[PDB]
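Protein chains in written order, with my numbering: chain C, -19 to 1022; chain P, 11 to 226.
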Ligand SMILES: O=C(NO)c1ccccc1
Ligand SMILES: O=C(NO)c1ccccc1
């Protein structure tokens, strides 16, 4: 009766994994090598003696035990003294690897087949063959680059050392101070002045600090509780600290000051419990730890460390250059591009294969088109031929652009299609040497992205897919009886001035005004109107021609430039040549705009070189490490390996180890992705060779993640379908093993290398409830003053999920929090720490004493869960004068998240998404899809943070009819100020999202995904209409209140 | 002239190689907006329309610039039946993309595995030779010097070495033919996605018929 008796015959459940990624292990095919294992050992003699040895045994241990059992086998005398030998075997990355560091254990070799071989150290420069260190840190062998043919790569490897060498010299200028600047760069906010609401916590600007010291017996500590100005530098804070040590009835005032002076400069300030250090002229409260201490209601706990015992630690980096160690040719060996007389033509020939059904598809064809990102002529499809069965052409597509028009950054784009696209690729029309590509090429194609229905895809990676087993696509480029080159800058400037002077004397009439010293005063405002528009506000061709005409005026409003550059026609050689010359001596602009000019709308070397120069002057190392994610993504958009932006970043990473750290991880995280693999490997190689000892600290982190990647893999594949209790037995059994005890203890948190990770308190380490078996890990903080910061560092390692969406919303959240804070509005967000370190693998900072709203409700469990349970639970932590604050905090944090989640449009907020700290702060975790990816099934968007009854109570204290309180009116006013504050900085967010189109996130595949953020801030409307949009949409979602 | 329709106008213009008319972003900015010369924005301001608005649209594009709405009654629940067809077909497309991807990693894992085998092999060939240097430098004696206390065991090493060598080349072989079924399996997965794609697009378009004209 239920299913009108209809049988489903197809259906069966024997193996359907919708019910209840995917880096091979310690040996090939097996994750965890058995505790005894059998290793064939090959010697200089041809005997293969098969030793059993322990999983965890060193190469020393197996060596001296293969020394003794080689006595028992034949032909002993010719086997030299063992000290004259080394091991070697083939690894899973399929490379012969000499094993020098014989402290290394059998499990930690990544061995493929359980065998060793003895040979002698060939190449006595053994110090040099620790590139292994680098190749391990990078996650691919360095020798894999040496065998690369393409001279762009070989040139990159050799040319980029310029930046290495320079940066290392800059470290050792004022050494050993400047080496501690490199290593321990001061962590300071961007604005030296405080906002008002922070000032008011200090009484006319005085913090109570505590300096600490240690002296014989050396196990004693000593408080010195000062009360100094927030804006006094560390020197003075070291002074006042020494004043108190000495101050005595036996020192006069004069003797004291002499005893100060001498004792000042011999000490520096360190944060207790972590390796931050206050190393320069910065107001105490400009340092982040202080401004952090103020806000939380905490008393700074610094330390007096002797500069001797700091400069004790910092090792000599001593970079060394690797084995890869105006024309003298009379002018014009080559022909300048501008001489050539023809249209562009390109020969399509054959596509080795395409995987298609002969039945279902009618016919197929190679589509082509020349590009600058967006297009400079009609797309030239080729005719249909041998459709779906042995398809080759042999045609010459004729593109309507004359060769001298081709802009520097011009690219062929192509695909193969059906009567929908089959496979695509793009090619730079100019090689890295300025030389216009000629001859035949072999363009292996890329599979189309998932949601991408567009035929051609010119935002994809330029270059051939390095998997040869793909749709190859042979093609020929016209040859002009000579090697052609892009015209020298000299030649372009000449031609600019000619077109400039040729402008001046044209006809009285020109199709009206058309695309061309009339200084109209209504027009002079229409520029500034358009200047301030948001990047995604598409411009009308009238407005382009308008902008393009008063180009020479636009230089007085430097900020208009992004809008100007778009309007320029790049398929006009003339227009471009003048633009180049404006940009040559255009004046610099704010790094937030300069960033725009490194997105995919702006491929041109001249435009992009400018942007690097804005950053080179005006971007601080704070604002760099803030926007480091977007800059790493933007490397992809560069045409060639060696370029201005990579040199810039590589320098800054080699200046500053806290940049360097995340710059290494960010590259490393995307190292699995074969489209960036080479570009980033080569960059990672250059960084590892220059960064100094940190490479050894990175190796500990890298070696750590591997163990944890390997553990969770076993947990997720075999120990699935076994009770938590057995998995937890397995977890701890594995962690106690000595290779794990080595590998997971005594290294730096990659979430923050400031924090050290000591010994693994296994009592607290556990496998979380989630399906992806996240590991809750917990470490002793080995700092000497750990007591004053945290005794225990606990962070979560998660093998299942793609963190990088979270990573980005957490970034954007911070940037909101900082925009608000500085503008006066105090809305405390908690953008906890998250770091993608691989293909859906990463780290997440825990927040102690915080629980999901759901958990709270199970503590207040007794039928029906009361909405007051939250309010009661919060009162039970916070009592007295305290209580009023805990509400304020909750109210402030709730408003912040209300606005931010609305704008970004993040995943719907239920009770297991939202968390509350004991101190009363509310924050969101697990954001999922940001710009509403959940409307591909299914106008006016959604409010994803819907304020239940529960929350409203707490905002309005214990209350009935809680939407009518003044507590709620004040809460509402925060949301209005906040929503407007963000809107006034909307460009930044529009750009920041646009810069991330280069990462392969399904939620950011094109500019029309970033549409949403325009509508939600409502930029096309006015601000009063957007206010009322927000109020409208907030009223709609709660069924009244707003 | 409603008897003529920015984000959603970009979306409907997607999958077109065409024109349509749209309202403005501000009333005070301009009146309306017109959107084959590469698709770009033509402001209807160009004191309203010089030809009463529609007479200018029928009229047309090089004539000024250098660089120059079906009702769908053609063929309630007709959304519910076609959208669940679209989504159950979409479910299938993304079903294969997972299999497409995982297989591609798997394949690349196998060829790297083979490169490992080949090198491992070569170290064992190179070994069986290494003895014939040092073993038949000491086959000098052959029959005496305590008879065959040395010369019987030397063979056993040689005998194992070669039979191990065989087991390696057997395992590689097995891998190579494992990679082939996969390579074939991969090509076939790509094949069905390509047959689905356009049907999946038409269902999204034929949904888009009754999309504009609870369940979903
Ligand atoms: O490129 C040109 N050569 O004449 C050109 C094109 C359009 C208008 C003026 C000049
Ligand atoms: O488990 C829950 N957390 O919000 C839940 C789920 C459905 C309905 C009510 C509560």
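Ideal Cβ placement from N, Cα and C applies to all residues, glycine included.
| Check | Outcome |
| --- | --- |
| Straight-line Cα distance separating residue 156 of chain C from residue 289 of chain C | 12 Å |
| Residue range of the alpha helix (DSSP H) that includes residue 99 of chain P | 87 to 144 |
| Residue 531 of chain C Cβ short of 7 Å to ligand 1 heavy atom set | no |
| Any non-hydrogen atom of ligand 1 within 7 Å of residue 316 of chain C CB | no |
| Residue closest to residue 644 of chain C, alpha-carbon to alpha-carbon, out of C:602, C:-2 and C:678 | C:678 |
| Proximity test, residue 554 of chain C beta-carbon vs ligand 1 heavy atom, cut-off 7 Å | yes |
| Burial state of residue 295 of chain C, where buried means 16 or more other Cβ atoms lie within 10 Å | exposed |
| Closer than 7 Å: residue 890 of chain C CB and nearest ligand 2 heavy atom | yes |
| C-beta contact flag for residue 163 of chain C and residue 637 of chain C at 8 Å | yes |
| Buried versus exposed call for residue 8 of chain C [16 or more other C-beta atoms within 10 Å across all chains shown] | buried |
| Heavy atom of ligand 2 within 7 Å of residue 834 of chain C beta-carbon | yes |
| 8 Å contact criterion, which residue 806 of chain C and residue 177 of chain C should meet: CB distance rounded | 5 Å |
| Cα-Cα separation, residue 511 of chain C to residue 545 of chain C | 12 Å |
| Inter-stretch contact at 8 Å, needing at least 3 Cβ pairs: the segment 128 to 138 of chain C / the segment 590 to 609 of chain C | no |
| Candidates P:193, P:218, P:49 and P:225, of which the one nearest residue 111 of chain P by Cα | P:193 |
| Under the three-state DSSP convention, the category residue 260 of chain C falls into | coil |
| Beta-bridge pairing of residue 841 of chain C - partner residues as DSSP gives them | Its beta-bridge partners do not exist; DSSP assigns none. |
| Amino acids of chain P, ordered along the chain, whose beta-carbon sits closer than 9 Å to that of residue 336 of chain C | 200, 201, 204 and 205 |
| Secondary structure of residue 664 of chain C, DSSP reduced to three states | helix |
| Proximal residues of chain P, C-beta to C-beta of residue 490 of chain C below 9 Å | Chain P residues near residue 490 of chain C: none, gap ~11 Å exceeds 9 Å. |
| Min CB distance residue 125 of chain P to chain C below 8 Å | yes |
| Span separating the alpha-carbon of residue 45 of chain P from that of residue 522 of chain C | 12 Å |
| Short Cβ contact (8 Å threshold) for residue 96 of chain C with residue 21 of chain C | yes |
| Partners in chain P for residue 341 of chain C, counting only beta-carbon separations shorter than 8 Å | 204, 205 and 208 |
| Stretch-stretch touch, CB-based, cutoff 8 Å, three pairs: the segment 229 to 241 of chain C with the segment 309 to 318 of chain C | no |
| Extent of the continuous alpha helix (DSSP H) run through residue 44 of chain C | 39 to 49 |
| Interface partners of residue 35 of chain P on chain C, CB under 7 Å | 1000 |
| Short-range partners of chain C found in the segment 49 to 63 of chain P, where Cβ spacing is below 9 Å | 50, 51, 52, 53, 55 and 56 |
| Selection from C:80, C:260 and C:901 that minimises the alpha carbon distance to residue 100 of chain C | C:80 |
| Neighbourhood of residue 352 of chain C by C-beta distance below 7 Å, restricted to the same chain and skipping five residues each side | 387, 389, 390, 550 and 583 |
| Residue range of the unbroken beta strand (DSSP E) whose run includes residue 454 of chain C | 454 to 457 |
| Residues from the segment 136 to 154 of chain P in contact with chain C, defined by Cβ distance under 8 Å | 137, 138, 139, 140, 141, 142, 143, 144, 145 and 148 |
| Start-end ranges of the alpha helix (DSSP H) lying completely within the segment 135 to 215 of chain C, minimum 4 residues | 141 to 151, 157 to 163 and 176 to 179 |
| C-beta neighbour in chain C for residue 170 of chain P, strict 8 Å | yes |
| Listed by chain order, chain P residues near residue 119 of chain C by CB distance under 8 Å | Chain P residues near residue 119 of chain C: none, gap ~13 Å exceeds 8 Å. |
| Rounded C-alpha distance that separates residue 887 of chain C from residue 895 of chain C | 15 Å |
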